[PDB]
Every structure is written in C-alpha cells, then in structure tokens.
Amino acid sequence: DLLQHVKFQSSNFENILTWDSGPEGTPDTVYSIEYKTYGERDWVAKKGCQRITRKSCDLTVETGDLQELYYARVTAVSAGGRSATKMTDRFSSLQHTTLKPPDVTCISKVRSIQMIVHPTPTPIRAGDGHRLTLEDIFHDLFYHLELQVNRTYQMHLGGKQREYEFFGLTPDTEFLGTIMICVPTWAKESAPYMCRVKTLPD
C-alpha cells in the first residue's frame, strides 16, 4: 500500500537500501530507517536516514561485518499521519553482492597482448582497519580471460595470478580482450571488462 519492495542493492559490498511507494502512496511521504543484526535483539536507528524524502539509504558501514547477517526496515509516514513498516529479507552481503568489472590494464606488444589485473579494494575493513580486496574475501576467486581475434577463433587463459600474456599474435593487428571475475563458492561472476587492443607494428 504505502511501502513496497524494501530491499538491499549490493555491489562490491556497497550496500544500499531501496524501496518504492505502494498504491496509496504520495510524494510528501517521509521515511525512517532502522537496521539490526540477525541473532541480536535491538534495532538501531540510522542517524542519516530519518524522516527523509528520498527512497534509498546507504547502509554500507552498518552492514560491513562479513560474519553477520542483517535486517533493515523502513517506516513510511504519509501526509495524513498514516504510517507503515516493512523490512527486508535476511541479508547476506557475501551472497547478494554483485561484482563490478575487474581492474585490468591491457598492454599490447609486437606479437603478444599483456593484461594486468589489479586488486580491487572494498569497504570491508580488517582488524587493523585497512581495506580488504575481493581476493582477500573470496579465497577461491579466479579470473577468466579471453582474447578474440575473429568470430571463429578465441584464446583463453585463467587463474588466480594478476598478470597474463597471450602469445603467438601477428603484429599490427587488432584483438578484443575480455576479463571477468569468477568466484565458484558463491557462484558469482563479475560484469566483464573489455579492452580492444592492437599489437605493435614490427
């Protein structure tokens, strides 16, 4: 009616809570957000998301403990003093998060194409407070690379290291490079990264 589709939008562990207004909704409706840890009793008010008019709230910091699962709830208060509360399903960032394209740098040579993957930092802090990378979080994470030459012939490499080099290439030629992140444990697959490159002259 007033509140609908209360859910987390998760990308590279940036967790944003979103929702819609239902049938009996209106534009002057204000929203207040609370969140809690599954297995705990109390709800905590989200300091910056009280009586707001927007329809999204950043809960990234509040849901950054990779060992916990959480819940969030929005309370809508309509023009008439009418209210309504709805909460998300149990949230697991490790499970729901989407992965952005790998941080890759394609370096072209005379007869080979080189691809360097760089660690992708996340908001997840370690004890010492520094940022953990996707590799730090997903131990079985591995990359799937592909070098296209034409509609009928593609080269492919894969592994957990950062640097890859496709050999046996003809100089001054164009190739389409594609790299994606794969984490089997959670059946996740990142958006592909594509770099169109050309080998040097000779």
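Each residue number is its position in the shown sequence, starting from 1.
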Take the C-alpha B-factors listed in the entry for 178-186 and for 10-18, compute each mean, and give the stretch with the larger one.
178-186
Of 141-149 vs 22-30, the stretch with the larger average CA B-factor in the entry is 22-30
Going by the entry, which of 100, 125, 90, 73 has the most elevated CA B factor?
125
Taking the Cα B-factors listed in the entry, which of 112, 78, 95, 85 comes out highest?
78
For residue 64, the third of its chain into which the C-alpha B factor falls:
lowest
Rank-wise, by C-alpha B-factor, drop residue 46 into the lowest, middle or highest third of its chain.
lowest
By the record's CA B-factor, is residue 53 among the lowest, middle or highest third of residues in the chain?
lowest
Place residue 161 in the lowest, middle or highest third of its chain's C-alpha B-factors, as listed in the PDB entry.
middle
What third of its chain's C-alpha B-factors does residue 171 belong to: lowest, middle or highest?
highest
